[PDB]
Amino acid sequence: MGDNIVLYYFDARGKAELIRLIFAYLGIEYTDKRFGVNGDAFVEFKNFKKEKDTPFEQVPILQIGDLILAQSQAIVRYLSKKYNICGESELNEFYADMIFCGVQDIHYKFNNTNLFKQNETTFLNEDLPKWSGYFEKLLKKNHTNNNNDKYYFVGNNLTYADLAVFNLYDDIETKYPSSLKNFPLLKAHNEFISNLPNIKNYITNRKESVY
């Protein structure tokens, strides 16, 4: 009967936000369990590992019925196939995958700066402008003569890749609000994703986070 859905993570966006964005977009009901809200995060996490048989002792963990799912990326791809926001072709699914992997390379770099105190200068002057150019270009290839007011990285429909790129820049802007000034398509794309009803309803009612 579909069973109960529970997402386990710390009281942060981090590696669980994209999963939350997918649920919001699909309008899926689930319990957003966050360590630290009702109790001490450290103690909640330790107890959690004793109660649940996780494969790698890491979160996020997605529980569907009695099913325990680990590794955010795998969970994301699994949810995308099941709710069809993966791409109408094996080839378009590859492209969405490739872009998601790209989001990973640049996001990892942002994390090293915004969280682990790594030189922000290299990020702001070499990594951010460069990777933004890559996405702008990929967006340029699949637009204008493919879509109008709507912007998608793959095909003519929303894929988790659009959600991943939106999440990436939504996060980068909580630190550098002016990042997309020189990237029109990328800027219009994120504005577009942010205004989808289900997404808009989740963002505006989402609690602010540290990361």
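Numbering starts at 1 and runs along the sequence shown.
Here the stretch with the larger average CA B-factor, out of 182-190 and 31-39, is 31-39. When the mean C-alpha temperature factors of 49-57 and 141-149 are read from the deposited coordinates, 141-149 comes out higher. Of the candidates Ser132, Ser80, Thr121, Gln104, the deposited coordinates give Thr121 the top C-alpha B factor. The deposited CA B-factor of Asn167 belongs to the lowest third of values across its chain.
Among all modelled residues in its chain, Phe116 ranks in the highest third by Cα B-factor. In the PDB entry, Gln73 places in the lowest third of its chain by CA B-factor. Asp97: CA B factor lies in the lowest third for its chain, per the PDB record. The deposited CA B-factor of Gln63 belongs to the middle third of values across its chain.
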